[PDB]
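Below is one structure, written out as structure tokens, with a few remarks after it.
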Amino acid sequence: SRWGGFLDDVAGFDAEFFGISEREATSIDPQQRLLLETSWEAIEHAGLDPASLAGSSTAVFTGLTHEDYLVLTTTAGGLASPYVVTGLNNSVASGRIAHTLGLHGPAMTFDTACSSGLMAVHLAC
Amino acid sequence: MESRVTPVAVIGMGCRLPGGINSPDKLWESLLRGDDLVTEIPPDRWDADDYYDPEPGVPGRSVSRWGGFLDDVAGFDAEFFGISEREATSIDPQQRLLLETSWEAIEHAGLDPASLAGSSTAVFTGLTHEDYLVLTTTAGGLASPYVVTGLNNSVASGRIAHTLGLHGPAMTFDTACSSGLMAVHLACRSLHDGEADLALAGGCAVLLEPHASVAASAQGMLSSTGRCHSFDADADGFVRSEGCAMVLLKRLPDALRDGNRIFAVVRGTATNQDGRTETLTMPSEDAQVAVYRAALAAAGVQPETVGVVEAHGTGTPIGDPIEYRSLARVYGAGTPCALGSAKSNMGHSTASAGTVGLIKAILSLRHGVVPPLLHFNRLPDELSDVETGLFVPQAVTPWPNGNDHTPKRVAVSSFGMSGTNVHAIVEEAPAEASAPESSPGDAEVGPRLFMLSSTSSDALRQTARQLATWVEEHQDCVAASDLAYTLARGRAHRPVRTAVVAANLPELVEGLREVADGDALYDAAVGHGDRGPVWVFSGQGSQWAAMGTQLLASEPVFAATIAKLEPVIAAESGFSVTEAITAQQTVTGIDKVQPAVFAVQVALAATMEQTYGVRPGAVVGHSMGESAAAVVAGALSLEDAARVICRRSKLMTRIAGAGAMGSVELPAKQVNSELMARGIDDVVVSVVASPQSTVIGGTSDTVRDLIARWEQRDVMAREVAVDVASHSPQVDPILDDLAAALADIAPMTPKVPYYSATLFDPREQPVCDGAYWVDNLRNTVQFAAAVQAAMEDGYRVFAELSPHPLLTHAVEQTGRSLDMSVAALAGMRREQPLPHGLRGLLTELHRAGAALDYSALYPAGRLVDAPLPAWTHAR
Ligand SMILES: *[C@@H](CCCCCCCCCCCCCC)C(=O)NCCNC(=O)CCNC(=O)[C@H](O)C(C)(C)COP(*)(=O)O
């Protein structure tokens, strides 16, 4: 294959708005950045102030896979970066969102190949 | 109701942990002994000295050089799970450990893993690190296509489900180092929702590459000492350690209804997130208090009732005081409460921490005692003023606040870097649902058949060795009958298998020790346990002096059947058969021998049917044994068959065959071509045994000259020493009288599928009337056709009922000619004693792989904690 659907920008991420240092922002998984940004966008699309949800029992679930950024950093050999601990571990995918929004409901990330996109909805239900 | 969630009972667990711990009992023993499992990083993993540096925060270097590691992580049995070696190489060792531990846990519950096919059962597991991905990438060898399913995290639960054919939610998730307890909560909810009925929870943590450790050290997360100071004033941080464990869960009412062993019961659990704090890894005391209260409310259990809390206890100087502060808010309310953490003796597992804590709590409940906390001597100064009844047991300490009227209860807790927190409440399992003390009675003093199985011969030897060790350690703490019941019915049977027969535990210990070092080339079972064996009612020729003496002196059913048949023999055949059975000289004479073998074989079949209950998948009869075969086949009555055998024994004696028997190894068609080349039709083929073994009947002179000619033809041909001929135009004078006198029989439809060897098509069920017996004494018998039909029909297991094997090699050749593997056994060997009886022969039936009812041998018995078979561990 030579083709596919690809984002307009992948490395793009508004780390400053969420109070994120450029170092961790450089080392954080772009998938995590996309999830966080689109989650904020969905929250706003609901008409709710994201700041309003702080200190509430709302929960978060997300499906993640294809940790290709691990391959990239391994090839680059920059695994020694301390931000990798929270920049590449799949756990923080939900945890980063929960901490940013200050939510108290359970935060969990999982992987079910190409079925996470709806199994997350089932789990939330 | 009082618990909003349906209470869930743990019915089994499995674990593979550092320091050679591969069983929960081993973990319990290590914990009681106060042993440590943290060691220096093994060199084969990587050079610890290369990456070690005591200076904090040095880039590219770690602060620790220790860790808890397994005996081996590369060990795995691809053959048992049917995995290609090429594929097995690309598999993440985490997946292999998950699969093996899950299989161990299922067997630890006494359930057959194969029995769960298509069952509505779910599985949940947590994966945290992808060290194998790092290794594959740095090796540049991930171009192998088998890496896709071998590295993707979601495959793990899917792989387990596909191996076991489970039909229920399969989950691979992560909650940092709290995945296990999160999986437990998910399984509990799913069972409450009714989506599944059986769920598996757990997580595996594998340490293979150093860069992750270096990154962790860069964050200051690792202890420089090399040991976790959980709650100690010297808290230096956690230590990375290998780990993998699984737990099986079933709904409590269902478990009670099925009477399965209930290790403990979990009343409820809950989960929440800390939320906004200083960083992504700052714990929130209020959040932990909230999750404690929520879990208690879900379980509907008061906190002061719980005695011991399984805290996280990671050893971080920042985290541990916070965790201690939170617990004092809820637990330790005046009533003393003990504190325990599994990390003190094992270290920290980034995925299995919750599961190992849960298992330690389970064992603590099982023994009503708490192990001491390793390396601990005093709390940090920040906790000096905190008021609570909480305490850390410096030694092995009985259950705090012991109360007969209340079940013992344990709280567990796990926390991850992601900030999500899981807490659960574990309650002591109810009293024994079965009869108290398993209703002891007149336990049989006769030797018990202790089954055994494994994946390979050397693995079988190692399994026998460790099992003997364990039995020696508990020769008095357990009972032989319960152990035998557990082995027979509460354990899956691996393809490589054997058995030891013993009456007392020291005897079993000696027998197991014999094979533990004794060499023997064991082979895996050929049968699949789906069909019963096939009896071989072999004919005359293998008799010897006093065959039945041991059987009469040891098998009550055998003696009863012999005494039952004896008067009918003296009536119809005119002489007693017991005297010939006990005769010190080998029985001779077609009148005398013929009923003797019939009685022997029918008595043996009755013994197998009653004292051992093994049903035949099919039945094969040889010569006069064909009537004896029809006896157990359900086609002939016992009296009718006795009349048949006695009357034919009397009648054949009139002329004594009037001929001779010639056996030649030449193929049957080639034999027919050779015979027709000389016009020697006065002889005719009598037995079709194998494509490389035929028997020809005829007059003595022509048989003798034919076998002389074949010897001149450089082909083996023997005139056997039989006194009479069969299936030859020489017994003709008796045929008319035999048909006339024997027409009184009343055959019926066989109860067991039977192969008519005499008939052209053994697959067709014969009428086995007097005409059939005339053919059986005059027409050729196609034993080769019968065995070929049996193999074609899928049957693989065959056992001779003869006093001595006669055609085991022949049927082996038939299978070898067909090229399909088979197992041929002999009921008894020439002058072979057996004080144990046919029980020893029964072991060979199991070793072959035939189906049978084990409850027929083990109607009841309490399951026990006998160890598990080892594994082939090719790296
Ligand atoms: C268990 C989690 C610890 C083990 C997880 C290892 C992560 C390695 C990631 C590897 C990815 C890339 C691989 C290939 C390069 C656990 O219990 N977590 C909680 C430990 N306790 C916590 O509550 C806090 C732990 N650390 C701390 O106490 C603080 O976060 C510190 C002070 C270390 C961080 O500094 P600051 O944020 O306060």
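Things to note:
- Between the Cα long axis of helix B:838-848 and the first principal axis of chain B there is an angle of about 70°, rounded to the nearest 10.
- Taking 4.7 Å between C-beta atoms as the pairing limit, chain B has these partnerless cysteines: B:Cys15, B:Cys177, B:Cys188, B:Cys228, B:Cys337, B:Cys477, B:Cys646, B:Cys768.
- A:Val121-A:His66 FRET efficiency (beta carbon distance; Förster radius 25 Å; 0.05 resolution): 0.80
- Only Cα pairs under 8 Å and 6+ residues apart enter the sum, and on that basis the relative contact order of chain B stands at 13 percent.
- Computed from label points 7 Å out along Cα-Cβ, the spacing between A:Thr75 and B:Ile655 is 9.2 nm.
- Each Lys and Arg Cβ is given +1 and each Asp and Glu Cβ -1; about its Cα centre, chain B then shows a dipole of about 1120 debye.
- Counted charge near B:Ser439, where neighbours are those whose Cβ lies closer than 12 Å (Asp, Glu -1; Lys, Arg +1): -3
- Of the GluC sites (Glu not before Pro) in segment B:742-800, the ones in a loop by DSSP (not H, G, I, E or B) with at most 16 other beta carbons within 10 Å are B:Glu764.
- Crossing angle, helix B:480-489 versus chain B [Cα axis fit, 0-90 degrees, rounded to tens]: 80
- Summed residue charge, Cβ within 13 Å of B:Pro691's Cβ, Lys/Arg positive, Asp/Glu negative: -1
- Order of B:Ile41, B:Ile322 - criterion: other Cβ atoms within 10 Å of each residue's Cβ, fewest first: B:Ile322, B:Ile41
- Diagonalising the gyration tensor over the Cα atoms of the protein assembly as shown and scaling each eigenvalue by 5 before taking the square root yields semi-axes of 71, 31, 24 Å, largest first.
- Within the shell of other residues whose beta carbon sits under 13 angstrom from the beta carbon of A:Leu35, the net charge comes to -1, with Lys and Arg scored +1 and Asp and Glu -1.
- Per residue, the protein assembly as shown reaches -11000 deg cm²/dmol at 222 nm when only DSSP H runs of four or more residues are counted, each adding -39500 (n - 2.57).
- Label point distance in nm, B:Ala139-A:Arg2, each placed 7 Å from Cα along Cα→Cβ: 3.3
- Amide hydrogen proximity for B:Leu825: with H placed 1.01 Å from N in the peptide plane, the residues at 5 or more positions away or on another chain lying under 5 Å are B:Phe798, B:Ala799, B:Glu800.
- Members of B:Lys564/B:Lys650; B:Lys26/B:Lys408; B:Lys343/B:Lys408; B:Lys26/B:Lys360 lying beyond 18 Å, as alpha-carbon distances in this model show: B:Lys564/B:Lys650; B:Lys26/B:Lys408; B:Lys343/B:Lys408
- Residue-span extension gain [B:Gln585 to B:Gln832] - 0.36 nm each, minus C-alpha spacing: 87.3 nm
- With Cα atoms, 0 to 90° folded angle of helix B:590-610 axis to chain B main axis: 20
- Per-pair calculated FRET efficiency, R0 = 56 Å: B:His167 and B:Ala570 via Cβ, rounded to 0.05: 0.35
- Segment B:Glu382-B:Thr749, extension gain: residue separation times 0.36 nm, minus the distance between their alpha carbons: 123.4 nm
- Reference-scaled alpha-carbon Rg (2.2 N^0.38 Å with N residues) for segment B:257-391: 1.09
- Counting DSSP beta bridges with both ends in chain B, the antiparallel % (nearest 5): 65
- Placing unit charges on the Cβ atoms of the charged side chains and taking the dipole of chain B about its Cα centre, the candidate lying farthest along the positive direction among B:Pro506, B:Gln462, B:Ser120 is B:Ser120.
- Counted by neighbouring Cβ atoms within 10 Å, the residues B:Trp535, B:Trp470 run from fewest to most as B:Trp470, B:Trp535.
- A straight chain from B:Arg45 to B:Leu638 at 0.36 nm per residue would run longer than the Cα-Cα distance by 206.4 nm.
We place every Cβ from the backbone using ideal geometry, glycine too, and count neighbours over all the protein chains shown. The numbers here are math on the coordinates, done by the rules we state, and not lab data.
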